[PDB]
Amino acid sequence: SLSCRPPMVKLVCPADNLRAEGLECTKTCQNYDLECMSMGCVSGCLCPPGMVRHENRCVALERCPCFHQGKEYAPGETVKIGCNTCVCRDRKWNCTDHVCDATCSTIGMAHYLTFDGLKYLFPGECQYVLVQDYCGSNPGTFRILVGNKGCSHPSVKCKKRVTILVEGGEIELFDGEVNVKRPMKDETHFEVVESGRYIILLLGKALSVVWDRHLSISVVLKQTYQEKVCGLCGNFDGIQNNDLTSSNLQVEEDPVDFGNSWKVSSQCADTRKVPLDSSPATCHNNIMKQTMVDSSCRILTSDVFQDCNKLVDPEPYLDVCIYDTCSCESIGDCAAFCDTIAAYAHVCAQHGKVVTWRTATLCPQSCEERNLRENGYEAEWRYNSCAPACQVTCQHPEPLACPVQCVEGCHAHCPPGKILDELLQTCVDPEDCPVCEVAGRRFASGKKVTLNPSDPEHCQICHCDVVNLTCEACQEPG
């Protein structure tokens, strides 16, 4: 019987003893909080009770590493998921609980998906506060309103109007175009980016809107606005179960009650409650169509979406897909079907799981129509499931802090060393853009850049005629 290296102690297995546990019940950094059942003990040397065997030596239990998705991380080695960091300390994952940047989203005709993940139905026909920071003791910087007309009982034909009020300006989203009714007092960080199917609005450093030009309206807030906003999109605090809090700080169990409390004009009437129809318009008493709609919308958890289903819950997009498609006479050309599915694929792509799902049979989209090679336009337009959203063009010469990584649609491809000119729909040399530069910032002709906004002695508003740059001092408002 040769001695064992400390602190391991030997275990002679007695055959004449009823039960015994040897090396078969060895405890490592993996199987510690588990139980063992030995057919017969294996004689050998094992670590003392307080320790576990790890890498052929006895280690303290607290010195055990943590495991994340199979990979081993030493104690102290942090992993970052989202905007939170998880430190490995004492064989445990200690994670921060910070609220990350969030997105409010209108899904489909009459559903809303709040910043904190609450999905509810609210078929209001008036104008409502989508998101605003005028809540109680308010700084009061921005207010975004949404008006729904035709998204009620007949949802086949519906149109929405979004009104954006920020920094003294009013930007309205309606009928697939952006209308800047009143400019922001400082346009330096204001951009209207048309990319693919979408229009991306930069409304300052921390407020953005992503819009598919029809009914998918998203507000992207940075986490500095947490607990500071209210309206149909909730209070943005990481707690989903309190987003149905009305304007009078009371939790409402019915979404129709919560939504009516955010009605803007007292002229129109509040929405009255209706019992939830599990089979709306064309699915009512039609088990055949309910099966067709369920099978079509079930693409959201099919193969191409399986990777994304782990990162982004498809349940709310699937509920909305089924509810809205039940208003279409045909699922092939159904607009509510493709838009809702595309809205999910868009969120997937923001999490690094770009999903190519369209086909010529199902929701086809091609760029062949606007590929005018033989017409004097030098630009090739190719569809991409997710291409960089904020590309440098003559109209956006400085690189932008884009609220989304990429978007779906048609994107122009230019020869090496050439930049897209959006107004001319053709590729041009970067020197040929009507673009000025000041303070290291390039801005397009007609854009106004404000230098030192808060400094009355150095505030300047710079204008770009074509390539001509002129700056003027600001006027003290008195």
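When you see a residue number, it is the position in the sequence shown, counting from 1.
- Stretches 257-265 and 222-230 differ in mean CA B factor, with 257-265 having the higher one.
- For the two regions 212-220 and 287-295, the entry's Cα B-factors average higher over 287-295.
- When the C-alpha B-factors of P415, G446, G409, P453 are ranked from the entry, the top spot goes to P415.
- The entry assigns its greatest Cα B factor, within the set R143, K71, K310, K119, to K71.
- For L11, the recorded CA B-factor ranks within the highest third of the chain. Only modelled residues enter the ranking.
- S155: CA B factor lies in the highest third for its chain, per the PDB record.
- Residue-level temperature factors show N17 in the highest third of its chain, judged at the C-alpha atom.
- Split the chain's modelled residues into thirds by C-alpha temperature factor. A336 is in the middle one.
- Residue-level temperature factors show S137 in the highest third of its chain, judged at the C-alpha atom.
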